[PDB]
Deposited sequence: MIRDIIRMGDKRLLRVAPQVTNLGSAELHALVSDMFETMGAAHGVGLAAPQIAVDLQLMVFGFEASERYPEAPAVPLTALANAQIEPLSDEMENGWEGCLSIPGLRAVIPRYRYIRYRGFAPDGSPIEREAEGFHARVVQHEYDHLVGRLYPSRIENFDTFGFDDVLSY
């Protein structure tokens, strides 16, 4: 089932989400399936559960980036190197900005069946994971913009 994506300004995007405690369950598998469908219908490359008003540490992502469902994610930078790049948000439709993110990270958590996930990622892969992770702690990308000249509507931006 395709779910409604809530828009920036909804208080529910500002919450710090609790952990998933139903790994391996039918309930979690159906929510994840819904998230992939939803992300797919909106043409996203990532979607966090708070964006469909589900208060859980859960994201889906991938596109080149392997299709992944990640519960209880933890991230750690693998160096201090930052990189700028374009980001948009399905909860902020039409807009984009340039945002600095760690170029290199490791992320860990669990697949929806309960098996552990732990990966090194770089570049766009790493950026997507950082972006979704931010949702789980009630943070959106405008609060990370450094250069406001880059923030604007997709169809008009020239930077």
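Missing CA stretches, deposited numbering from 1, N-terminus first: Comparing the full sequence with the modelled residues, the uncovered range comes out as just 64 to 73.
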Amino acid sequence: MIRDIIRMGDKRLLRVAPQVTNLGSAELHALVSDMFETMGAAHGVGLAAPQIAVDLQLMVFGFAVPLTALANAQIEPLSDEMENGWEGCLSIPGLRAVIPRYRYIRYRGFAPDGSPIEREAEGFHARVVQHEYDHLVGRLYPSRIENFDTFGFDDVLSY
From here on, numbers count along this sequence of modelled residues.
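Residue stretch of maximal mean CA temperature factor, 101 to 109 vs 64 to 72: Per the PDB entry, the higher value belongs to 64 to 72.
Average Cα temperature factor in the PDB entry - higher stretch of 150 to 158, 3 to 11: Comparing 3 to 11 with 150 to 158, the higher mean C-alpha B-factor belongs to 150 to 158.
Most elevated Cα B-factor in the entry, residues 126, 56, 32, 90: By C-alpha B-factor in the record, 90 ranks first.
Within-chain third of residue 16 by Cα B-factor, per the entry: For residue 16, the deposited C-alpha B-factor lands in the highest third.
Residue 40 by Cα B-factor - lowest, middle or highest third of the modelled chain: Tercile = middle for this residue's CA B-factor.
Position of residue 95 among the chain's modelled residues by C-alpha B-factor, lowest, middle or highest third: According to the entry, residue 95 has a C-alpha B-factor in the chain's highest third.
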